[PDB]
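Enquirer: Make a model of this:
(2 chains)
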Amino acid sequence: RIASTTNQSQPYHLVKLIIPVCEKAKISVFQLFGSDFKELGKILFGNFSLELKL
DNA sequence: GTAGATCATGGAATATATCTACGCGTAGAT
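Expert: Numbering: from 1, shown residues only, chains lettered A, B, ... in the order given. Here you go, the structure:
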(Lines give C-alpha, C1' and ligand atoms only; values in the text may rest on other atoms or scores of the structure.)
Protein backbone atom coordinates (compact mmCIF):
# COMPACT_ATOMS: atom_id res chain seq x y z
CA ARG A 1 0.00 0.00 0.00
CA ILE A 2 2.84 2.41 0.81
CA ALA A 3 4.60 1.52 -2.45
CA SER A 4 1.35 2.20 -4.33
CA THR A 5 0.77 5.51 -2.51
CA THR A 6 4.28 6.87 -3.02
CA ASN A 7 5.23 8.11 -6.48
CA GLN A 8 4.96 5.28 -9.00
CA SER A 9 8.10 6.39 -10.83
CA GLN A 10 10.04 5.73 -7.62
CA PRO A 11 11.80 2.34 -7.83
CA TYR A 12 10.86 -0.50 -5.51
CA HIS A 13 13.32 -2.35 -3.28
CA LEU A 14 13.78 -5.72 -4.97
CA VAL A 15 14.62 -8.09 -2.12
CA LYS A 16 12.80 -6.03 0.52
CA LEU A 17 9.49 -5.70 -1.34
CA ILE A 18 8.95 -7.52 -4.65
CA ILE A 19 10.51 -10.91 -3.86
CA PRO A 20 8.61 -11.38 -0.55
CA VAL A 21 5.42 -10.10 -2.19
CA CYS A 22 5.52 -12.62 -5.04
CA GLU A 23 6.63 -15.24 -2.51
CA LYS A 24 3.51 -14.79 -0.37
CA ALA A 25 1.46 -14.64 -3.57
CA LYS A 26 3.06 -18.03 -4.38
CA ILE A 27 4.23 -16.55 -7.69
CA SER A 28 7.67 -16.69 -9.26
CA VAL A 29 9.44 -13.49 -10.25
CA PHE A 30 9.43 -14.86 -13.81
CA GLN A 31 5.64 -15.18 -13.73
CA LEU A 32 5.23 -11.71 -12.22
CA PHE A 33 7.39 -9.89 -14.78
CA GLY A 34 6.60 -12.07 -17.80
CA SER A 35 2.92 -12.96 -17.92
CA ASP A 36 0.33 -10.45 -19.10
CA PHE A 37 -2.38 -9.01 -16.87
CA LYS A 38 -4.92 -11.68 -17.85
CA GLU A 39 -2.62 -14.61 -17.05
CA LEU A 40 -1.34 -12.97 -13.86
CA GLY A 41 -4.87 -12.27 -12.65
CA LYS A 42 -6.09 -15.77 -13.46
CA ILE A 43 -3.12 -17.39 -11.70
CA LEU A 44 -3.56 -15.13 -8.65
CA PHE A 45 -7.28 -15.97 -8.45
CA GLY A 46 -6.53 -19.68 -8.72
CA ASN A 47 -3.75 -19.41 -6.15
CA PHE A 48 -6.06 -17.78 -3.59
CA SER A 49 -9.11 -19.75 -4.79
CA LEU A 50 -11.03 -16.57 -5.62
CA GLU A 51 -14.00 -16.58 -7.97
CA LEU A 52 -12.95 -13.46 -9.88
CA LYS A 53 -12.33 -13.41 -13.64
CA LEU A 54 -10.57 -10.49 -15.32
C1' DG B 1 -37.73 -32.91 141.06
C1' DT B 2 -36.67 -31.35 136.20
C1' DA B 3 -35.17 -31.53 131.29
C1' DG B 4 -35.29 -34.23 127.19
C1' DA B 5 -37.95 -37.45 124.30
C1' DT B 6 -42.51 -39.11 123.07
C1' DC B 7 -47.05 -38.96 122.02
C1' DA B 8 -51.78 -36.78 121.39
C1' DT B 9 -54.43 -33.95 118.53
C1' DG B 10 -56.79 -32.70 115.44
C1' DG B 11 -63.07 -31.90 108.90
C1' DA B 12 -64.84 -31.66 105.35
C1' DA B 13 -0.75 6.60 14.42
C1' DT B 14 2.38 4.52 11.68
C1' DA B 15 6.38 4.12 8.02
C1' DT B 16 9.37 6.30 4.85
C1' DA B 17 11.88 9.51 1.95
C1' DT B 18 14.94 13.25 2.70
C1' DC B 19 18.60 16.53 4.92
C1' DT B 20 22.93 16.64 7.28
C1' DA B 21 27.33 15.64 9.88
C1' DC B 22 31.26 12.44 10.26
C1' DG B 23 34.89 8.94 9.57
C1' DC B 24 36.97 7.17 6.17
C1' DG B 25 38.78 3.94 1.91
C1' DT B 26 40.59 4.89 -1.82
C1' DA B 27 42.43 7.69 -5.39
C1' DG B 28 46.26 10.41 -7.01
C1' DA B 29 51.19 11.67 -7.19
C1' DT B 30 55.84 10.39 -7.00
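Enquirer: Show me where chain A has its helices.
Expert: With helices called from DSSP state H, chain A shows them at A:2-5, A:19-24, A:29-34, A:37-47.
Enquirer: Could you export those helices to JSON lines, including columns for distance to DNA strand B?
Expert: Where you see a C-beta, it was placed from the backbone N, CA and C, and this is true even at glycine. What follows is these, written out as JSON lines (distance: least, CB to the nearest atom of the strand, whole Å):
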{"stretch": "helix A:2-5", "distance to DNA strand B": "5"}
{"stretch": "helix A:19-24", "distance to DNA strand B": "11"}
{"stretch": "helix A:29-34", "distance to DNA strand B": "19"}
{"stretch": "helix A:37-47", "distance to DNA strand B": "22"}
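Enquirer: Let's have those helices in JSON lines, adding mean neighbour count.
Expert: Formatted as JSON lines, those follow (neighbours: other CB atoms under 10 Å):
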{"stretch": "helix A:2-5", "mean neighbour count": "8"}
{"stretch": "helix A:19-24", "mean neighbour count": "12"}
{"stretch": "helix A:29-34", "mean neighbour count": "12"}
{"stretch": "helix A:37-47", "mean neighbour count": "13"}
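Enquirer: Those: which one's closest to residue A:12?
Expert: Shortest distance between residue A:12 and those, using CB to CB, is found for helix A:2-5: 5.6 Å.
Enquirer: Name the residues that touch that closest one?
Expert: Here helix A:2-5 makes contact (CB atoms under 8 Å, 6 or more residues apart in numbering) with A:12, A:17.
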